[PDB]
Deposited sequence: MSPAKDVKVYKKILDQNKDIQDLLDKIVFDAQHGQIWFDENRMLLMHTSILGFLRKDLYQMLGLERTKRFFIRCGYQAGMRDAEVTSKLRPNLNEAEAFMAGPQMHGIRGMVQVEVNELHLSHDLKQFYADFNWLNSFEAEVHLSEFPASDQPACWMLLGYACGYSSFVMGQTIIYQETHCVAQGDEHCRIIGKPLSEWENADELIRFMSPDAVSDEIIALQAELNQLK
């Protein structure tokens, strides 16, 4: 009853437990424990360092955002904010993070984009904290890649995000800012 805003997205998720399959449109899905994703973050950090582990998780999220954007861009093809929010809503549906809008300005025709989102109940921040104490830098790398991947697909241009605040840093919740690559001064992203 409460899912009026995401009913089009929920209808494309098919659970087939008797045959061991979960489908999101043409994509096959898994239901995995968040605690298991700490192990990957764990071993990768000890083996690769920080920036190499972060670059990996960002690339993973970036591909998932494109995957989701390929499906959601059919359900809502229209320069509309309510159409763009399919991504933030998919993030919530898949149990990864709750997006809360502070400000969203966008337009596909003008190639403009400004996003100021809060991230509540971040799975990645909890996963990061269960393996490491509070960090010096924000930790929601997979979520940030998904924001960049999904936004860049539906906007038709490179959209880069930065996590200004993070639970894993000691802040109360996470927060991100999204802008096109040209509007960032440090627009040399190695990922």
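**Q** Which ranges of the deposited chain go unmodelled, in order along the sequence?
**A** Absent from the structure are positions 1 to 14, 93, 207 to 229.
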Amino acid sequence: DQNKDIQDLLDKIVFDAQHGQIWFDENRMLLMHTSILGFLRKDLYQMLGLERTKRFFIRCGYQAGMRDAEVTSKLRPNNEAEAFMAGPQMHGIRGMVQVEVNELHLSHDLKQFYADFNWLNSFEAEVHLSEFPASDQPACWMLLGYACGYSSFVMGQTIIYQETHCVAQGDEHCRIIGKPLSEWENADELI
From here on, numbers count along this sequence of modelled residues.
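**Q** Comparing 63 to 71 with 48 to 56, which stretch shows the greater average C-alpha B-factor in the deposited entry?
**A** Averaging CA B-factors over each stretch, the winner is 48 to 56.
**Q** Would you tell me which stretch averages the higher CA B-factor in the PDB entry, 179 to 187 or 164 to 172?
**A** Mean B over CA atoms: larger for 179 to 187.
**Q** Can you tell me which of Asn118, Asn121, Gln89, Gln112 has the highest Cα temperature factor in the record?
**A** Among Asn118, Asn121, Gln89, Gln112, the PDB entry lists the largest C-alpha B-factor for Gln112.
**Q** Determine which member of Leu37, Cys148, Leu129, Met29 has the highest CA B-factor, using the values in the deposited entry.
**A** The listed residue with the largest C-alpha B-factor is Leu37.
**Q** What third of its chain, lowest, middle or highest, does the C-alpha temperature factor of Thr158 fall into?
**A** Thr158: CA B-factor falls in the middle third of its chain.
**Q** Split into thirds by Cα B-factor across the chain's modelled residues, where does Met85 land: lowest, middle or highest?
**A** Middle third, going by the recorded CA B-factors of the chain.
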